[PDB]
Each structure stands twice: as structure tokens, then as C-alpha cells.
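The letters A, B, C, D, E, F and G name the chains in turn, as written, and every chain counts its residues from 1.
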Amino acid sequence: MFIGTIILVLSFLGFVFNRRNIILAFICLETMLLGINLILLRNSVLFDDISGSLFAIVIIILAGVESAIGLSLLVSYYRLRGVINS
Amino acid sequence: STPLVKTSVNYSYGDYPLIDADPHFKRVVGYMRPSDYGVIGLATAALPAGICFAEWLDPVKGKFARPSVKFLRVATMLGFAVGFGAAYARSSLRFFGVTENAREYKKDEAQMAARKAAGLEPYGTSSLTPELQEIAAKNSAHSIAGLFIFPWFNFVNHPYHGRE
Amino acid sequence: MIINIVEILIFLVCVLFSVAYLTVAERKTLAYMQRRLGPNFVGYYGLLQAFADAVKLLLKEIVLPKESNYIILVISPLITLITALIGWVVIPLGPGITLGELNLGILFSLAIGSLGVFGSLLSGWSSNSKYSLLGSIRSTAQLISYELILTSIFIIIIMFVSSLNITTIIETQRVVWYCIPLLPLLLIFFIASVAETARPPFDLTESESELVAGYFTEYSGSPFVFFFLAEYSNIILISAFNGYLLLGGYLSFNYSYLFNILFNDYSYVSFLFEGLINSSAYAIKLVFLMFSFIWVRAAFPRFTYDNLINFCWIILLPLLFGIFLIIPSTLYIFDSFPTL
Amino acid sequence: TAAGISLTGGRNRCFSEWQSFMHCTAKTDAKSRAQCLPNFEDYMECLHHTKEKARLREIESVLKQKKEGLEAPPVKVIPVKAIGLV
Amino acid sequence: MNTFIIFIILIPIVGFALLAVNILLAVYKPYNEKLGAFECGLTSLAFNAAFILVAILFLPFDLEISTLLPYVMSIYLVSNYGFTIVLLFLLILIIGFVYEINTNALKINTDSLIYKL
Amino acid sequence: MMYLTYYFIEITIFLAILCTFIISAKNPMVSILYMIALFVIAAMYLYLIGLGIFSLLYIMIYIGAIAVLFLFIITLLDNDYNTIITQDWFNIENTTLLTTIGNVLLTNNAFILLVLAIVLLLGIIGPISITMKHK
Amino acid sequence: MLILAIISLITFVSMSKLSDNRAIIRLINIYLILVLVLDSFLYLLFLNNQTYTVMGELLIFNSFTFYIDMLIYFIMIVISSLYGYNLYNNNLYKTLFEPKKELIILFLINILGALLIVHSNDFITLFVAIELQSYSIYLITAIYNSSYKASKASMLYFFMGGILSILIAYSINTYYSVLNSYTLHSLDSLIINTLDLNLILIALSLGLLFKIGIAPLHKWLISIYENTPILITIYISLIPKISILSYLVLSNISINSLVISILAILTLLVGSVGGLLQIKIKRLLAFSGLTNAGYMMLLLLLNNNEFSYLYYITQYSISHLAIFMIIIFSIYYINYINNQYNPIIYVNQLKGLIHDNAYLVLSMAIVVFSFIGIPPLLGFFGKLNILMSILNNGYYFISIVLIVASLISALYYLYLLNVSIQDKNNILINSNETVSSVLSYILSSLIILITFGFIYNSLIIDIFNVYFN
């Protein structure tokens, strides 16, 4: 609940107040998903319930495919411009 | 083949008596009427006839040309799939007691009586454990409702058929 | 605490010296396949050759090029070496005889392996020599592609055992080694372990003729020692994965009759004799595998990047998905789903 | 659904009172539903241990406000190595 | 403090010790010509789609392979039911693999001479 | 020694705050390496709460694949009380977290699995569709 | 059928050449038509409002979701026709409207995602369907990668959708942490009285609603709608709205919510006021969509909203398709094509269209006056049902604001007709070219529906009373 919450909020603030780069943006997305999942898994353990962990696995997989698609979008964006000035 | 959970008995999905709440794939295909085969044939003819008529109305490249054999073969394949889905749905709806089902009801009564005479289980013996049978039932029950989205069938010999 | 320390020192010394002598064994074997002698002069019969190279490289100046991130250039070899050595903590030399007896031993092996592409991915960025960059991108591509094949064979084997404890996987093979029913899978694991290790014929990553040296063009002294050590330690470790997945690990033969003849009760003598038998079986399997790495290096010319990518993604991966389909089908047909 | 399944495939930590509460909601109707509010507090209680933590708070508070000695068979903490010693 | 954790701690210490021995014993004389990057002895960026594509398609296929870990750890408990489910899962993924093959996704002067007489 | 394992949870939390160095990194690479460090801290915390298998899956996937892709691409482009732990003997099987996840995912939620198959199918078709120029 | 179509289509599009795109799309168009007509009889399952839980209580099937499903198929049929058939056979239109190779598969997968959102009975299914739709719609935004604006649009869309998806996942997990459950079905009147779930449920609703672009987070979506190819905008502006709104209506987790009340008010005001100063056609239409999304958001504050919502969503889908198709047809008579992704951009480019095509302007007038809500067009009855619902439930101030917002939005609705019935100097003399029969027939069918739907109102309410009571 603590580590996950702080990763979520700090990654969110990094995303919003980013005025440095787009890679920071990707990373904040990924780390937010991380924090969500950590909160989820702690709750799973405290309840001795499997639904929490099942949803954690599904988040893992969907974050994988989301990263794949997002990087593909970034590459297609780059193909036209040659440079990412953020 | 002893149920682990309680089910409704002879529940009315419609105006007609219930034959089977979750019929087995073999029964649903086995109870299909000649009209359902007509539906399958109509879809199988309609889909390539549809592509040809569409080409007639608005040719792809200005000048009319009959669609190639690859596309027509595709057309027949997918049309048969749609027809079979429609026909399966019609038969299952008969089983639930939503459409008229006198013929199917009588045939089921006879088949069940014969099976009981032979000493067999009314719904067959399953290679699964009862827990997996309840899970298969809860996964296949009323799955015909999502025919538009995904195809799902009952292939498991479970005892939750909603009868007495 | 003391016993733990002694076990770790014994195991660590054996692993480090085995890696050191694998280099000498490679030079000597290639030499005799090339009608020559190889190292026979530094130490008796060339047995101190590896330590000579070591000492020299530890006395060599470290050069940090001008455009380089020196921290990354020095730490990348260090992390690849650490992971290559950490991978050894789960390898058993007998039933339960390992530093780490994890119920997730297989998952640990795969994870620490997946931590193995970071040296290649990072050095090109650290060196900044252009040859290093080309080598680094091509290597990262090749390594991940063949890691897929290795993970898929891992999964196919666990289909037979339903356990992630390495000792259990080995014990299930007393009935038969898994390389007998799955001989084609054993061939693919070799072809892929060669590629995943970046050895010839698949040495495109650091091939001297296409690219001078490779990603290591800029690595002198101890960083070069680390890349070298990590490479040979990974060779031995992936031969270990092969050994316990497919060659029955530390199983050789049923020595129950023999022990009942020799001994009449349990004793430290008999426990030691059993330990030596199991460890000898596992080490002879490791030796045949290392010899095969050297043999293949001696026999074949290199692939090109396009060739190996085509291989992995068009010839190997379809076959592996086909096997994914056909192994559980055979289990289902004969009602032999393995229990936990 | 995976509701009710523990991390080991059994029944989770808080299954029994959840199942009691469902027995309620099955037997009762919307007008009568308030009739087993009690089963629901029991469920939330198993889940979050709130009244239990409050009761422990009052017990600790009064314990630390006491200078008189305690004469009751006590609780002893031992090292893990010392399980079964003596 | 079992053998596992002690070994895990011990390995990086050995790495750092070798590094420190190198730093302590080796000479260190940098100068501009030595610090230059080596490219065959003398001082001196578009890429193809398949470079991007190998890396990007690694992630879905890795996820597919690692999605079978729960299956192989529960094969007996899921019986002939889970068996069928995992066949369907595998075939659905095989379709995407077929698409990849047929589109040739990872792959990177014959005119005649005619005289106007 | 005992305060070590006691505060181990609080240490991972502190290192996670510190590592979230990701935002302030001068170099995006360096930012990605610090992201990897954050993921290792996450794996450490997961083991502590009892979910080590998840520590290993996280190492396998997020570091083994997602961080590898990140780096590939960017090289290319320009509550003070204590809980009572009690025993009971009703579990005779060797059922762990992975086995239970397999059980529920492949039987109770086969539908979620097949929909995930479609999602991975998307994760294949899409990148090909937008990164490759046909004909 | 939809899964089978997706699988087959992947196989074919793999094995077909780039010239076969339109023939493939015609094939799927006819297949969807065949499914819609042959499998329609499954409505009979839903007699007496019978509800079915399916797939182990993951999916829920009732008359409402069956209707939303049919509507989504009808929309997909119409949208695929625009790609499967050429307006004109000249070179210009081959350049203007060519379907990408994978576009149809992306369309079908996004439709599958939308249907799974509608039917979702459990939060895991909701989240997976949301992510499926979100990913497919990112890719549809990005598939026309020759456009600078389309790529920029896809990236902005990726990031905003990712943040909203994280808000949604956080809401789902907080609900889990409080109730150890993933289903709303576990909720009851007793539970809502006992526990304060308002914060969690409103966060979930807001995370879903900001994905269809309600104020004050509108502008990113309007920019995306502006910057995409026109035939892409016809799709991405509609399907997500339908799926998300239908899910929220079916779930009823924000009844009498003060925050939703304030946000619906704000959305009405911003959609009406902000569209006034617009000069680009698609930005005008996007602000139209924002105002209409406000009208539908109002229905999330009350129970028994099924009839009003279904009527409104159907008539809105028809009007939206029709207005986009009219803008598409009016392309043949413009004298300047701006670029190959968005041929017409400014409202003033329609000036004098009545002199080129009188009946196109007749259709335009009909659809515009439907949007304003002039009886007896469908738009009037949609607004009438909405007002009936909200006044029955005591939303007096919101009703006054709805009146005012419809008045204000009439101005930029009539802007289109105003410039369209003005006069242009160079008036078409003649042409041999014929607009494609199929699309003209479809546009005509939509127009006739909007015009003469009201004759079936009493029959519709009679049917509704037996399938939803």
C-alpha cells in the first residue's frame, strides 16, 4: 500500500510536470502500473484471496502489450520527423 | 454424475416446456430440423451471391467483373459458418422452450427413456471430476446468448440440465 | 555458519577454477583439431596458462575513451559477470545438494538468464566506437530471439514434470532421460544454446572479420577479464541447464546393487562415495557439452545476421509451437498428465 | 469467477462469514434485506479487523497507564532456534 | 543467513575486489591520443524496420510463452478441460504467428535490351 | 540482525522513493537504468510480503523484456499490531500460488484467457501494421 | 461470429495483396449483414426482461446489451461500406480514400472490445475489454502514418488513454481492497447504505468518462478528432462513446451524484459555448459530440433510464453517421482539396452547395434540424425522453441548463446550413460522373429514418414494455 502508492504518485507527478523528455513519460506510465500492482498484491496477501493475484497477472500481460504498442507508435511518429525534440 | 450445486427445475425461459437447459453439442446438432439445414444452405448461397450482387451494384474498378474464385471460396466458407451458427441457435432455442418444441420434446422423452432402460446416465459419463463438471456447466450455460460475439459450445457431459 | 561458509567457498572455488580451465581446454582441443599443440609451456603442460592471462590483465591499465560514460563502461561487464555467476546458486550436484534449494529453481534460472542481455545492450552505448554500437544492437536482437527458444524448451520439459524444483526434475528422469523421447528438442537446445551464448558459428555479435573485435573493442584490463569470465561461465551454466533439463543431471546408473555389495550400513565413506558418483556423472555430462561447444567452433563458418534471425523466427519457432501442440496432446491421449 | 478461492485453492481467510451473509441475502428480500446487517458487519470485520484494533487500542492504553503488576500466565517470545529446547 | 543469500552477497564483493586490484596495481597515464576511440587506427543514422520489429515482437511472444507457466504448473488439476482451453489459446496465437510469416515482417536489372530499329 | 529483517520493508520503500532519480536524470538512459533499479527494488519487496514467485516473474518480464525493449529503442532513436500466524492441516496437496493461478485462469476464467489471446494477437498485428510499409 | 471473422480475416489479409483490400472489406460488410439478419431472432431469449449470466458470471446478457450489440453491428456495416466502395472512380478519389491493409482487422477487434465492455459483469472483464478497445483505437488512429497530424494524434491519444486507464485500474483495485470483490453484483442497498463507496465509484465513472472526453478534459479528444483522417474520425468518435456510456448506464453507480451533476453541467456549457467560434468542420462536429455526450451523461443520475438512453443513442448514431456522410459527399463539389487525409476542412468550403446539389442540402437540413431537435424528427423525441426522465427525478436546474445549451448549440448547427444555402459563383453545369449507388442508398436510408422514424414511436414503446419490463 505504501511503496506502491508512492511509486504511483511520484510517477504521476513526473509524467505531468515533464518538461524534459517523452521517455520520462513512458517510464512514468510503466511505474504507475507497477505501483498499482504492488498495492493489489499486498491486498491479495492480506485477504489470502486469489482474485487479486489473478488481476495482477492480467495487468502484467496488458502492460507488456501496451509497452509494445506504445513503442511502435513512437517509432512510427519518429519515421516522419527524424528527431524527438519533446 | 451427482450435482454439486442446486439448480432450478423446469424453469420457463418461454411459453413452451423445458427440454434441456444446457444441451450437449451432439444433441443440438442431432435435433436440427430440415428448416435449419435450409437456413445453412441459404447462408452458404447468400454470402457469395451477396458479394456478386455488390459487385454488380458498384463495381470495384469501374467495369463489372465477376469476383475471383478465391473470394467466392472464402464466401462459401464464411457463409456456411454463419448458417451453422444460426441453425445451432434455432435448435438450442427449441431446447430451452423458447420456440415451438413438441417434436423435440417427444424425441427427448423417448431417448431419455431408452437410456434409462439401458442403465446409462441420462446425460452420459464424464472424464472430468465433478468440480470440473460444475465449472464446465457454469461456463457453457446460456452461452448461445453471445452468438454475435463469440462461439461457445457445451462439449462436457455434466448433470446440470435443469430438469427433474 | 561455518559449514555454510565452507560449502560456499568449496563451490565457488570449483566453479571459478572450472571456468579458468575451460579456456585452456578450448585452446588445447582446438589446437589438436588443427594438428597443433596449443598452450603447453606456461606451467607444466600449459596448466597455468589461464592464471598467466589473468594476472597480466589485472596489471593492465584501464583506458576510458573521451566520449564514454566511464561509470557505465566499467559497471556493465561487472553486472554481466555477477548475473552469470549468480546463476550457479541453484545447480545441484546431487539430490538436494546445492547452495540454493528453491522450489522456484527453474524460474530463477530463466530470470537470471534474462538478465544476461544487459552487458551487450549497455557496452555499445558506453564504448561509443561505432563498431561497438553495431555489434551491440545486432547482439541484443540475436540474444533475445534465441532466449525465446530456450524458454520454450524449458516450458516443454516442465510439461512432463509439473514442478519448478530442479532436483525434482532430475529425479523424475531416473525412469528415462528426457533426451530420449525428445531427441529433436535436444538438438534445438544445442543449436540455441550456441546462439544464446554467442559462440561460433553464431558469433555475429563479436565477430572479428565483420567487425574488428566486437562490443569489447574498447575493453582493456579487468573489464575485459569480466566479459571473458562471464562468457565462459555462461557457457558452462547453459551446459548445466541442458544437463538437468535433458541429460538427467547427476543420474548415471542404478548403483544400489554395488553399494549393497560394498557397504553394510550408512557411513561417511558411503555418503562420500555416493556424492562422488553423482557429481562425476553430472561433470562428465558437462564435459561432453563443453567439448561439443569447442567442436562446433572448430567445424563451421559464421552465420550472417539475416541468416540467424531467419533461422530462429522462421524455422525454429514454428517447430516449437508445433511441439507445444503435440506434447499435451500425447499426454491427453494416454492419460498421463503429471501430478504435482 | 475466482471469488472465494484462497491462494492455495481452498477457501480464503474470510469465506465463512461471507457465505453466511450470502445465505442471508438469498433468504431475504429488498424490504427485509436490512435484516442481516449483522452478518455484513461480521464480514467487514473479518476483512479489516477494525473493531478488533480499537479494542486492542483501549487494552494497550489502559495497560500502559498501570504501575501495578500483572499475575497471569504470560506470553514468552523465543528465538526460532529455541523451538523445543529444554 | 543460509548459503543462498551469502553466495549472492559474495559474488559482487569478488567482482569489486578484482576491480579494486586492477585500479590499485595498474599504471594510469591517460593522454589525448590514447583516449581517442579506436576505429581501425584513424579518427572519423538510419536503420531498417526489421531491427525495430524483432525487438518489438519479442515482447508479445515472450508474454505468450510465459503465459503457459500457470498451465504447466497445473496440468493435472485442470485435466482434459484446461487441456482444451490451452489448445485454443495456442491456436489463436499461432494465427498471429502465421500473419507474421506471410507478411514477411522480419526480412530485410532484369529488363531486356530492345533496340528501335 | 532482527531489526534488519524488521525494517527490510521500510528500506525497500525508502529506496523506491529515492529511485523514482528517474525523473531527475540528466540522460534518458540513465533514467532507464534507474527504472531497472526500481524494478529490482520491487522484486525485493514482493519476496518480503511472501510473493517471491512474483519477484521472479517481474524479473523475467519487466526487466527481461520491457526494459530490454526500452533500451533497444532508445539506442536506436535520436497499523501497529502484529498478525497471528496459525497452522492447520486441511491442505494435503502441494498447491502454490502458480498452481492456483493456473487452475483459476484455465478453468474458472478460461474466457479471460482467450480474450488475453486476442489482446496478444493485437500486440502482434498492430506493430506490423504501423512499422512496416507493404509493397 | 465476430471472433471467427477476426481469425479468418487475419489469415486472408496475410495471404492477400494490397489491391484486394476493398474486395475483402465488401466481403466482411456482407458477412456482418448476414449475421445481423439471420441471428436476430435470439431476441426472443430476453422476453419479460430475462437476464442471463454467462461465462462463469463474467458476462451479462439482457435485452439492453442485445440492442446495443445490434446497434454496434449496424454502425460497423455502415462504416465499412465507406471503405469498401468508391464514391467516384477518378484518380483523385483513389488517392483520397484508400483502405489500409490491416484496417479491417483493427476495426473488428475494436468492435469486439466494445461488445465486451458492454457485456462486462466483472471488473477483470471490464478492464481487459477497456484495454483491448484502447489499444485497437490507438492503432486505428496511427495506421495512416504518412500524416504528421495523425501520428501526433495517435501519440497524444496513447498517453491520455494510458493515464485514464491507470485511473480506472486504481479505482478497480480500491474497490477490491475495500470489498474483496470484483463484481458490482455484490453491491446492494444495504451495502451502499453501510459503506461509503461514493469516492471509489465516482473515480471509476470519471476514469471511464474522461476517455470519451467530457469537460474539463475535452480538448485533447477534439484535437485528435480534428487531426485524424476523416473516415477514421467517423469511427473513433462514435464507438467508444457508445460502449462506455452503455456500460455506465447499465451499471448505475453514480445515482444522484453531485460531482457527476456538476460535470454534466460543465460539459453542456463547454460543448455549447465552445463550438460557436469554430471554423473547421470536424471541430464543429466534435463539439457537437461533446454536447450530446453531456445529454447522455445526465441519464447516469437516475434509475430506469433504459428507454430514454436507447432511443437517444440510436438516433444520435444515425444522425452522426449521416452528417459525416453528407460532409463526405460534398467533397466532390469543392474546388480545392486541402490534403489527402482531410479533403474538406473549413465550413465556408460548403458555400453555395445548394446550387450544386439541392437534395444533398435537403438531407443536410434534415439532419441539422434533427440535431437541434425540431419535431417530428428523431432528435426531438430523443430530447423529449431525456427531459421526461430528468424532470421525473427532480433535476430542475439541470433541465433549465439543458434548454439553454440546446439553444446555444443551435447556432453552430445552423452555421452549416446557413453557409450551405448561400450562393456560389461557379455552379456545376454538367458531369458524366455518378456517385456510387450503394453509399447514396445508405445515406438516403439514414435520412429517411431520421425523417419518418416517429411514425413507429408507439409501436417501439409497446415492444419496449415487453422486453424491458
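The criterion applied here is as follows: contacts are C-beta pairs under 8 Å (C-beta built on N, C-alpha and C of every residue); 3 or more make two chains touch, one makes a residue touch a chain.
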*Counting C-beta pairs in contact, which chain pair ranks first?*
C-E
_Mean-CA-position distance for subunit G and subunit E (Å)_ = 41
*At what distance in angstrom does the C-alpha mean of subunit F lie from that of subunit B?*
42
*subunit D and subunit F: spacing of chain centres that average the CA atoms, whole Å*: 31
_Nearest whole angstrom, what separates the Cα centre of subunit A from the Cα centre of subunit F?_
11
_If I count partner chains per residue in subunit F, which residues reach a count of at least 2?_
57, 60-61, 64-66, 68-69, 72-73, 76, 78, 93, 95-101, 103-105, 107-112, 114, 116, 118-123, 125-128, 130-131, 134
*Among the residues of subunit B, pick out those that touch two or more other chains and give their numbers.*
132, 135, 139, 150
_Among all residues of subunit D, which ones touch two or more of the remaining chains?_
1-3, 5-7, 9, 12, 14, 47
*Which chain pairs touch, all of them*: A-D, A-E, A-F, A-G, B-E, B-F, B-G, C-E, C-F, D-F, D-G, E-F, E-G, F-G
*asked:* So in the complex, the part of subunit F that touches subunit E is made up of which residues?
replied: 57, 60-61, 64-66, 68-69, 72-73, 76, 78, 95-96, 98-103, 105-107, 110, 113-114, 116-118, 120-121, 123-125, 127-128, 131-134
*In the complex, go through subunit F and note every residue touching subunit B.*
107-108, 110-111, 114
*Footprint of subunit F on subunit D - complex, ascending*: 1-2, 5-10, 53, 56
*Enumerate the contact residues on subunit A facing subunit F in the complex.*
2-3, 6-7, 10-11, 13-14, 18, 21, 23-24, 26-28, 30-31, 34, 38, 41-42, 45, 50, 53-54, 56-58, 60-65, 67-69, 71-76, 78, 82-84
*Using the touch definition up top, name the residues of subunit E that touch subunit G in the complex.*
92, 95-96, 98-99, 101-103
